[PDB]
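In this analysis, Cβ positions are derived from the backbone assuming ideal geometry, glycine residues included, and neighbour counts consider all displayed protein chains. What is reported rests on the model, the rules as stated and the sources as named; no laboratory read-out is quoted.
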Number of protein chains: 2
Amino acid sequence: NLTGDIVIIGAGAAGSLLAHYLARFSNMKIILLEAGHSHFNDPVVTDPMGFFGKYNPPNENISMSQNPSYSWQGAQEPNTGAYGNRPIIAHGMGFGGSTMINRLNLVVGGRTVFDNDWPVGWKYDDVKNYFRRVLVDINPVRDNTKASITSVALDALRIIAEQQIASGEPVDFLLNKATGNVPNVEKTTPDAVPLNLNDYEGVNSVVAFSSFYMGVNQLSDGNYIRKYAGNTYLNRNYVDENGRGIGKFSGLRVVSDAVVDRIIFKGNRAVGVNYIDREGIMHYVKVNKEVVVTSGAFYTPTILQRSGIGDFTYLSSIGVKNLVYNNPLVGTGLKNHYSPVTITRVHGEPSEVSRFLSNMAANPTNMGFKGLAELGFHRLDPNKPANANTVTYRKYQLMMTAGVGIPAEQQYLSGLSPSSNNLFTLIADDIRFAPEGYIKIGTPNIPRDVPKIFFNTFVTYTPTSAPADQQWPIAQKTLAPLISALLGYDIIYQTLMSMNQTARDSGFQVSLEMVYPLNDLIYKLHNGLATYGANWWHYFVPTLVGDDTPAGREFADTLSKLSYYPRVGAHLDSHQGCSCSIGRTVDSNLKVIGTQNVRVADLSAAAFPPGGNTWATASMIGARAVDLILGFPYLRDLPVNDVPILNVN
Amino acid sequence: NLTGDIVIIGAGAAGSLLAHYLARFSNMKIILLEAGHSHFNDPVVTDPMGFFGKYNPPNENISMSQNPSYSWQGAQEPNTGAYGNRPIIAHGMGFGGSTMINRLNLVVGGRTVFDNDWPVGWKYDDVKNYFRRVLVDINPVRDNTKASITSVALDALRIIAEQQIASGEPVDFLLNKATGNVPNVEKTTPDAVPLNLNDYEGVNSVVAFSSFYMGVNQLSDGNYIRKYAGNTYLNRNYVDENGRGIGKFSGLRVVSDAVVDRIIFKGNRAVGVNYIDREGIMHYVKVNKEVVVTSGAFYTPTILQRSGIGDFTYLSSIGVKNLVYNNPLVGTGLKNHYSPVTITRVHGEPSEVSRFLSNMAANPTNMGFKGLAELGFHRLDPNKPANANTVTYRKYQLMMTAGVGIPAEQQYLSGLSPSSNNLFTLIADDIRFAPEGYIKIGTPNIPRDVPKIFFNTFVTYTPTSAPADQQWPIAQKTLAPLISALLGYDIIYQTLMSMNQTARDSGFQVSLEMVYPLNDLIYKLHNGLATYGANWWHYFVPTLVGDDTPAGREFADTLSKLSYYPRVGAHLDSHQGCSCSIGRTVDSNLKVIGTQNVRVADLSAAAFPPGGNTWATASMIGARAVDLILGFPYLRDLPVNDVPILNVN
Ligand SMILES: Cc1cc2nc3c(=O)[nH]c(=O)nc-3n(C[C@H](O)[C@H](O)[C@H](O)COP(=O)(O)OP(=O)(O)OC[C@H]3O[C@@H](n4cnc5c(N)ncnc54)[C@H](O)[C@@H]3O)c2cc1C
Ligand SMILES: Cc1cc2nc3c(=O)[nH]c(=O)nc-3n(C[C@H](O)[C@H](O)[C@H](O)COP(=O)(O)OP(=O)(O)OC[C@H]3O[C@@H](n4cnc5c(N)ncnc54)[C@H](O)[C@@H]3O)c2cc1C
C-alpha cells in the first residue's frame, strides 16, 4: 500500500504549491492525490489563447469550463434571484486545478480586505510576503500593446477623480486614502510610470491603470505560455513521468487520475484516504501525520461532509454512517464575485471609429483586457462598512474589452451583434458581492460533480404590513446585490460621459453611447440618483414608498426594468470560495476543528473574498500552509531570486 | 462476496419489473443493484402531489428532478440550437428509478411506431401483451373531474376534424386511417363513452380525448398514492427490509444505495460487477450467467464505455485500460421529445371567464392535464415518412393545463403572470422530434452526473454557394425541428379559432386569444402558410429564395422572430432514449453486440421513441427481457387478472 506522512487532496492553486515546497523543505513522504492528470503538452491549455477556443474541435466546440474532461461540472440549484436559472460553474481537473483553465488575471486583492475582513494572524502584514512569493514564482507580464481607448478612459477617470477629491465627500468610487489628495490614476503623459494594483505595501487599494498582470511567460522562441500552478510546480524538472519527485524533492509521489472518496478516521484522527484509479479499482493510502484538503470551494466541504464532519442531523438523513464531528458550518458561507455587462456603440465616421478602437484584439499578454481599475464604493451605496471613510475599500474591478460580452440569448434580444465593429465592453465586477450560499452532498457514496449548491443572488424584497421605518433596514440587506450592481452601471455611465469629452480632446471625432442596458433606462437611473439621493434605492419597493406621482412611478418602473440586466445580462464568476473558512470550519492554523490532524489549505478556507481575481489569494493560503505544517518560515524566508525552474515538458 | 446468476444494474422502470418477474418464474439468484434507496416512506414521492412541490421546504424550493438526493443531474453540453443553453435533465435515483419522480402520464405510444420504426420481432402485435401487462400491474386512472373547457376544446377539434375529412387530402393532423371517415373525437353528450389512447389493438393512433391515464391508485381512506415501478414490484410483500426476496421470490437479493462502477470481463464474457456502498467501500459481485444494464439513456452507455465497449481510440486515449469490444455507436443515436409552450388569454366579464376556466386544478387523477390528443402530421410538414398516406403516424401530443407554463424569464419578458386568473396553457409536444445526439464519458474512474451529452436542437441552415436546387433537401433535414415546431403552433392557432365558435355555442360569453408567442407573429405565420403552401419553409433561408418583395421579407422576418420561441419558450422533455438501441449497440434479443452475456433492457435499447411518454415503453422492454432470459413466454401468458399486491409499508 501507499504510505505517506502528509497526504494532499487536490493539485490546484493551493495544492501544487503546497506539495512542491513541502517536499523541498522536509524529509517527509508527501503524497499528492489528483483527480486529473497533467496537460503539459495540451495546446488547449499551454497556449493562453486556447482559453478563447483557438484549438477547439469544430464538432465539439466547448470551452474548458464546459468540458468534463477538463473540469468538474458544478451545477448549482435554481437561482431564485435570476428566474430559476442554473449556472454551471467549473473547477479545473488536472495539474493546477482551476489555474489550468482560467483567464490568468493575477490579482492580490488590496491591503484593506485582509486588514479588516480577515482575522488576527491573517492581517495584510502577515500575508504580504507569501503573496510576494506567489507572484515571483509566476512572474506575470503586462499588456504588450498600447491602445488609444485606454488612455482616453484614464484621462476621463482622472477628471472624475479630480471632481470627487475636490467635492470633499468622504467615500466615493475613485477616492484612495493612502495616495492622498492626488488622483491615483496612471498618467498618459509620454513617460508615465505604470501603476501596479499589486504594489507591495498595498498603497494602491483604489487605482486606475493601463494594464493588469497576466500569468504568462514568454519563451525564447517568442511564444507565450500559460504559467500556472500546474507547470510551475509540477513540471519535469521536479516530477518525473511516474509521479516521483527528483533530488531534493524525492519525498514527493504524485498520483495521477486519482479520484479521492473520503478520509478515514480512528476517533478524531485521520488515518487513511480512499481513491479510485482509472481502472475502477479502489486504493487506500495510510496517513502517518496529516491530511490536507485542497479540492476547491465546491468540493473540499463535500469531502469533509462525506468523511463524517459536518451537520450530523443532515448527514444521517441522507445515509452517512460514520459520523466524526458535528459542525453545521461546514460548507456554509459560500461567496463569489459577479460581473454585470455593459455594451457601448461608438458613433462617428467608420474610419475614425476604427482608429479609436484599434489595438484591442486579445493576445496572451492581456487576455482581452484593456484596463482599467480597482474602484471603491459609489457614494450612494447604503451598505458601506462602518469604517469605510477612514480606510479605502475595493468594491469593483472595472474591466474593458473589445467585442460584445453579453450572452448569446441577450445578443439576439438586444440587436447587438458581436460582428459589429463599433461595439465594446465594460464590466463593473462586484468584488464585495453580498450573496452567501452553501453546499450539501446529496448522497454519501462517491464524489459528485453536483452536490446541492445553493447560491441565490438578486432576490426581491417582499413588503410586509409593518411600518416603513422598521422594514427599510431589512430591505437594505436583501436588496444589497441589486443596489451595488445598479451603482456599477452608473460608474460606467459617468465614465462614458467624461470619455465623450476626453476623446474629443485627444483628436477623435467620435461620440459614445451606452446601449446595453438600454440607453433610455440608464439616463433615467442617473437622474434618479441625483433626484432621490441616498434613499433612491427605496424605489425597489414602491409600495412601501407611497409616491403615486407620475414622476415617482416612472423611477420605480425604471429600477424594475433595470433589475433584469444583472440577472441575465451578466456572468457569474468562477471565483467561488470561503465555504470552509477560517473561524468556521477551521482554526487560524488551517486545522479542521474537531480533528487531530486534518487541514484545509485552499480558497475554501478564505475568511472573506479578496479584492480581485482569486488565484493569487488561493495560492497564498497554500503557501502559508507549507510554513504552518513544517513549523518554520522556510518559504517566507526564501530569497525572492530563488524561484521554481520552468520546464514545458 | 455476493454471487448471482443474473445481475441487474438499475431498479428503474425496466429494472424493477425485470427483477420481480425473474425471481418469480425461475430458480435463479437475482441480484438487483440500485444507486439510490427506497422512498416508500417519503411523502414527496408517495403523494402524487409531492411532484408539484407540496412538501417542499420554502428555502430549498426545488423539484425532485432538480434534487441530487432524489436524482442524477444530467447537465448536457451547450445547445448550439438554443443560444448555448445547457439544460440539466434528470434520471430518478431510487427504487423505481425515474417512475419515482416523474409526472405519471402513462402512454403506450401507439401501434404505428412499432409496426414501422422498430425492427422485425418488435412490431406492435409482438409487444401488445407486454404493454397490457405493464398497464394492469400499474392500473392507471382517468381524470376524476370534468371541466367544461375540455369539452369545448374537443368539440372544436371535431369541427376541424370534419373539415379535414371532407377536403380529402391524404395527410393532415386529425386524420386517422383506421377510423375512416368518422372523426376520432370523443363525444360530449351527457353519457359519452370515453376514448382510450392506450387501446389494446392500437386503433387510436390519432385520437382526441378528455383524459389521459395517470399512474395513481386510490386508497381506502380516499387518498391517492403514486403507483410506480418501485412500490409495484419491490414493496414489502415481495422484498424484505434486508433486501431478501420473500417466499417464491426468495432468489432475489436487492442492494440499496449501490453505485455501480463497471462490468468485469473474461474475454467477451461478463464475469463481475463493481459497486461502491454508502460507506465508500468497493464490492465485487460475481456473475454466473448474465448482466443486464438498465440504468437509463444517459448512464447505461457510460457503464458500457467504462467497461471497454465503445470507440477504442477514444476510450484508450482517456485511460480505460481494459477494452472489450470496438463499437463507436455506443452512446449514439440519442433521441428525446420536446415541448414548445403556448399561452392563451380568455376575454369577457370576470365572472364568465372564471366559470369557463373552472375545474382545471391539478389533482392525482389528472396531474394537471385536461386533455387532449395525439395528433398526426400537419399537411405542410415536408418531412413525413414515405407511407404517411397509408398508415397514420403520431407527431404531436397535445396538452392543456391551467396556469402559465412558460419559464420564469419568459413570463417576465412577455408580461404574462401565473397568478393571473385569465390565462391557460397549450402544448403540442413533438414526439417525432428530429434531433439526434450522443453520450461520452469524460473520465474513466467513476460514474458522474455529467458525462459529455451532446444534443443540439433548433439549429440554423447556413447557405453554401451551390445552386438552390441542390441545397434545399439539405436545409429541409436541418430545419425539420423548427418546421415541425412552428406547425405545432399553427395546429394550436387553428384549434383556438374554432374554440371561439364552440365556446359561444356552449353558452360562454368569451373570446380566446393566443398571447404567447406574440399574437401578431402567429397571425402572420398562419397567413403565410395559406399563401406559400408546401414550400413555405423555404423562407427560413431568405437569401436562397430571391423574393425581394415587401411581402417576402415580412414572412421571412416573421419566421426569424418565431424561431426564438421554441428555443426558450419551451421545455426539453425528460424522455431521453435510444442511446444503445436495437440494431446498433444491441441485437433483437437485447444482447449487447460483441458480448456473450450482457444485455440492455431499458429505454436506451429502444429503436425509436414511442409516440408519447416513455414509462410504458421502458417497462415493456424490461418485460420482454424476462421472457428472453427465460426462454418462454411466462410473463406474456400470465393472465391479466394476476397482479402485484400493493403494500404501502
Ligand atoms: C472559468 C474560470 C475562470 C477563472 N478566472 C481566473 C482569473 O482570470 N484570475 C484568477 O485570479 N482566478 C481565476 N479563476 C479562479 C481561480 O483559479 C480559483 O479561485 C483558484 O484556482 C482556487 O484554487 P483552489 O486550490 O483553492 O481550487 P482549485 O484550483 O480549483 O483546485 C481544485 C483541485 O482539486 C481537485 N479535486 C477536486 N476534487 C477531488 C477529489 N475528490 N480527488 C482528487 N482531487 C480532487 C481538482 O482536480 C482540482 O485540481 C478562474 C477559474 C475558472 C474555472
Ligand atoms: C422529471 C421527469 C418527468 C417525466 N414524466 C413522465 C411522464 O409524465 N410519463 C412517462 O410515461 N414518463 C415520464 N418520465 C420518463 C420516464 O420516467 C423514463 O423514461 C423511464 O422511467 C425510463 O426508465 P429507465 O429504466 O430507462 O430508466 P430509469 O427509470 O430512469 O431508471 C434507471 C435507474 O438506474 C439507476 N442507475 C443509474 N446509474 C446507476 C449506477 N451507476 N449504479 C447503479 N444504479 C444506477 C438509476 O439511479 C435509476 O434508478 C419522466 C421522467 C422525469 C425525470
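Annotations
- Filtered residue count, region A:87-101, keeping only those that are part of a loop (DSSP other than H, G, I, E, B) and either within 7 Å of ligand 1 (Cβ to nearest atom) or surrounded by 24 or more Cβ atoms within 10 Å (Cβ to Cβ) (or both): 5
- For region A:321-331, taking the residues that are within 13 Å of chain B (Cβ to nearest Cβ) and either farther than 18 Å from residue A:263 by Cβ or without any contact (Cβ under 8 Å) to a residue 60 or more places away in the chain (or both), the one that is nearest to ligand 1 (Cβ to nearest atom) is identified as A:322.
- Residues being within 9 Å of chain B (Cβ to nearest Cβ) and part of a loop (DSSP other than H, G, I, E, B) - total across region A:68-85: 10
- Odd one out for residue A:219, checked against (1) within 16 Å of ligand 1 (Cβ to nearest atom); (2) among the hydrophobic types (A, V, I, L, M, F, W, C); (3) touching a strand residue (DSSP E or B) at 6+ places or on another chain (Cβ under 7 Å): (1)
- Tallying residues that are of a type in the set (S, T, N, Q), free of Cβ contacts under 8 Å to residues at least 40 places away in the same chain and in contact with a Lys or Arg (Cβ under 9 Å, 6 or more places away or on another chain) within region A:537-582 yields 1.
- Unmet requirement for residue A:443, which otherwise passes all of (1) hydroxyl-bearing (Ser, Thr, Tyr); (2) part of a strand (DSSP E or B); (3) not assigned by CATH to the domain that holds residue A:384: (2)
- The residue list A:38, A:63 contains one member that is of a type in the set (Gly, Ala, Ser), away from ligand 2 (no atom under 16 Å from the Cβ) and surrounded by fewer than 19 Cβ atoms within 10 Å (Cβ to Cβ), which is A:63.
- Selection from region B:144-191 of residues that are basic (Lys, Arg) and assigned to a helix (DSSP H, G or I): B:158, B:177
- Subset of region B:447-504 [more than 14 Å from chain A (Cβ to nearest Cβ), part of a loop (DSSP other than H, G, I, E, B) and surrounded by fewer than 16 Cβ atoms within 10 Å (Cβ to Cβ)]: B:463, B:464, B:465, B:466, B:467
- If you filter region A:21-35 down to residues that are out of contact with any helix residue (DSSP H, G or I) (no Cβ under 8 Å at 6 or more places or on another chain) and more than 14 Å from chain B (Cβ to nearest Cβ), you find that the one that is farthest from ligand 2 (Cβ to nearest atom) is A:27.
- When A:38, A:65 are screened for being within 14 Å of chain B (Cβ to nearest Cβ) and assigned to a helix (DSSP H, G or I), only A:65 passes.
- Which listed residue, of B:265, B:209, B:249, is within 14 Å of chain A (Cβ to nearest Cβ) and either in contact (Cβ under 8 Å) with a residue 12 or more places away in the chain or under 30 Å from residue B:585 (Cβ atoms) (or both): B:265
- Conditions (1) away from ligand 1 (no atom under 16 Å from the Cβ); (2) small (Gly, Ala, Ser); (3) out of contact with any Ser or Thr (no Cβ under 7 Å at 6 or more places or on another chain); number of the one not met by residue B:151: (3)
- Condition broken by residue A:585, with the remaining ones in (1) buried (at least 20 other Cβ atoms within 10 Å of the Cβ); (2) without any contact (Cβ under 8 Å) to a residue 24 or more places away in the chain satisfied: (2)
- Matching residues in region B:517-545 - criterion: being farther than 26 Å from residue B:463 by Cβ and in contact with an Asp or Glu (Cβ under 7 Å, 6 or more places away or on another chain): B:519, B:526
- Within region B:105-122, considering residues that are surrounded by fewer than 24 Cβ atoms within 10 Å (Cβ to Cβ) and closer than 24 Å to residue B:364 by Cα, the one farthest from ligand 2 (Cβ to nearest atom): B:107
- Test for residue B:18: is it within 12 Å of ligand 2 (Cβ to nearest atom) and part of a helix (DSSP H, G or I): yes
- Failed criterion for residue B:43 (all others in (1) within 12 Å of chain A (Cβ to nearest Cβ); (2) closer than 24 Å to residue B:237 by Cα; (3) surrounded by fewer than 19 Cβ atoms within 10 Å (Cβ to Cβ) hold): (1)
- For residue A:125: the one exception among (1) away from ligand 2 (no atom under 16 Å from the Cβ); (2) assigned to a loop (DSSP other than H, G, I, E, B): (2)
- Single residue of A:107, A:7, A:113 found to be in a helix (DSSP H, G or I), away from chain B (no Cβ under 12 Å) and of a type in the set (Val, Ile, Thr): A:113
- Restricted to region A:270-320, and to residues there that are in contact with a helix residue (DSSP H, G or I) (Cβ under 9 Å, 6 or more places away or on another chain) and facing chain B (nearest Cβ under 8 Å), the residue that is surrounded by the most Cβ atoms within 10 Å (Cβ to Cβ) is A:306.
- Of all residue pairs spaced 6 or more apart or on separate chains, none has beta-carbon atoms under 9 Å together with a first member in region B:21-34 that is within 16 Å of ligand 1 (Cβ to nearest atom) and a second member that is of a type in the set (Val, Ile, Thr).
- Screening residue B:84 on (1) crowded, with 19+ Cβ neighbours inside 10 Å; (2) within 16 Å of ligand 1 (Cβ to nearest atom); (3) of a type in the set (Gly, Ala, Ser) shows it passes everything except condition (1).
- Breaking point among (1) of a type in the set (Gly, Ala, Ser); (2) within 15 Å of ligand 2 (Cβ to nearest atom); (3) over 25 Å from the mean Cα position of the chain (by Cα), for residue B:339: (3)
- Single residue of B:117, B:126 found to be under 16 Å from residue B:606 (Cα atoms) and without any contact (Cβ under 8 Å) to a residue 40 or more places away in the chain: B:126
- Total residues in region A:102-129 satisfying the condition of being within 16 Å of ligand 1 (Cβ to nearest atom) and among the polar types (S, T, N, Q): the figure is 2.
- Taken over region B:389-436, the criterion of being more than 14 Å from chain A (Cβ to nearest Cβ), surrounded by 20 or more Cβ atoms within 10 Å (Cβ to Cβ) and among the aliphatic types (A, V, I, L, M) is satisfied by B:398, B:399, B:400, B:402, B:423, B:426, B:427, B:428, B:431.
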